[PDB]
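Throughout the sequence shown, residue numbering follows the entry's author numbering, covering 1 to 330 in sequence. Note that the Cβ used here is the ideal one computed from N, Cα and C, for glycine as well.
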Amino acid sequence: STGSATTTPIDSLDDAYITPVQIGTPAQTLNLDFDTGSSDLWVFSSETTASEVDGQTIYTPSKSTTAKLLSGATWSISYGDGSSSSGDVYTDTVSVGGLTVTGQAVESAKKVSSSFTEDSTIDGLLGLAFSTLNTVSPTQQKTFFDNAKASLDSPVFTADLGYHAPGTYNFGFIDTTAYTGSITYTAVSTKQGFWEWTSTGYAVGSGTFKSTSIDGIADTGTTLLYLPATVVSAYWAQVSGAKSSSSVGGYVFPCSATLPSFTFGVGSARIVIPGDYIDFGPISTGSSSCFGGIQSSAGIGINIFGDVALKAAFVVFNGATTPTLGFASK
């Protein structure tokens, strides 16, 4: 089997992407944030505290003839941005782009933190990291990809995120029309539960490539590119007036600037992030200070190849017995 679904930016900055997902019988379609940095499929629901729901579409398990309470199971997750959610668990039929999994754990939120409530466009998350990170207790549950894998034509999914435009998540096949050149594959460590790999270096604009190992994670659920402070300083030093602002929370730059590109290495191959992809717009409405799309990872503990980086590539998440990542230009 295969599946193919369009993913759409939630706003004009590409702060996140939403993909429609069918849950239950008859189908209830929710727009989920596909997150290769986590491993829980959780949704706003009829069980979510009413004051914490503000415009989201909810899953109502009592209206699904295929929903079953997973008795005794609870979940609770906290994300790198400080947001969180928790609740109980049903199993139900879940379909993405024509690919159907029966018996998928659907984690129903009883509580969500303010940032989820405040984002009316995201109805939940669909985790695509390794199932070892799934938070369901006392019986850990599998991701949608893990459940689908054996049925897929090939044990892979691909992320093709658009810049200020829709893109595609495919399951079970590699669309050879969706990229240019060849796909360069690189090793993955699953030891932390992430799609963790090592970039071979970087360049800023037309500058020379610096060969240096940068361990980090391919994370579709993180907006920006978070890299070591040395790398980030070298980038922003090429932008007149750019500076790190403790009050804003990262590098800012004059909105009048034209940003240089940023290149990252995948083996001997190179992925070029155009400068425009690094502009996240005014820090507050009407400001002439703009927020940068490349930020330091120094306070995180891990480097994160988030959407800023991934949207410059066609990315293969290869879930073969030994997982790997592939990157192609597009």
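Query, Result
"Using DSSP's beta-bridge definition, name the partner residues of residue 171.", "3, 157"
"Flag this pair as yes or no: are the beta carbons of residue 183 and residue 308 separated by less than 7 Å?", "no"
"What's the C-alpha gap between residue 342 and residue 238?", "Absent from the structure is residue 342, since the part of the chain shown begins at 1 and ends at 330."
"Answer with buried or exposed for residue 149, where buried requires no fewer than 16 other C-beta atoms within 10 angstroms of its C-beta.", "buried"
"Residue ranges of each beta strand (DSSP E) run of no fewer than 3 residues wholly in the region 213-237, ordered along the chain?", "225-227"
"Quick check: the region 10-17 against the region 162-170, are at least 3 beta-carbon pairs closer than 8 Å?", "yes"
"For residue 167, which residues from the same chain have a beta carbon less than 6 Å from its beta carbon, with the 5 sequence-adjacent residues on both sides left out?", "7, 160, 161"
"When the Cα of residue 377 is compared with those of 288, 264, 284, 291, which residue comes out closest?", "Nothing in the structure corresponds to residue 377, since the chain is present only between 1 and 330."
"By the three-class DSSP mapping on this structure, what secondary structure does residue 144 have?", "helix"
"Using three-state DSSP, classify residue 118 as helix, strand or coil.", "coil"
"Is residue 268 helix, strand or coil by DSSP?", "coil"
"Using 10 angstroms around the beta-carbon of residue 104, count the other beta-carbons present and answer buried if the total reaches 16, otherwise exposed.", "buried"
"If you reduce the DSSP assignment to three classes, tell me which class residue 132 lands in.", "helix"
"Spatial neighbours of residue 62 within its chain, please: C-beta separation below 8 Å, excluding the five flanking residues on both sides.", "46"
"Are residue 92 and residue 66 touching if we call contact CB-CB under 7 Å?", "yes"
"For residue 99, count neighbouring Cβ atoms within 10 angstroms of its own Cβ and tell me buried if that reaches 16, exposed if not.", "buried"
"Have a look at 128, 109, 259, 134 and flag the residue whose alpha-carbon is nearest the alpha-carbon of residue 37.", "128"
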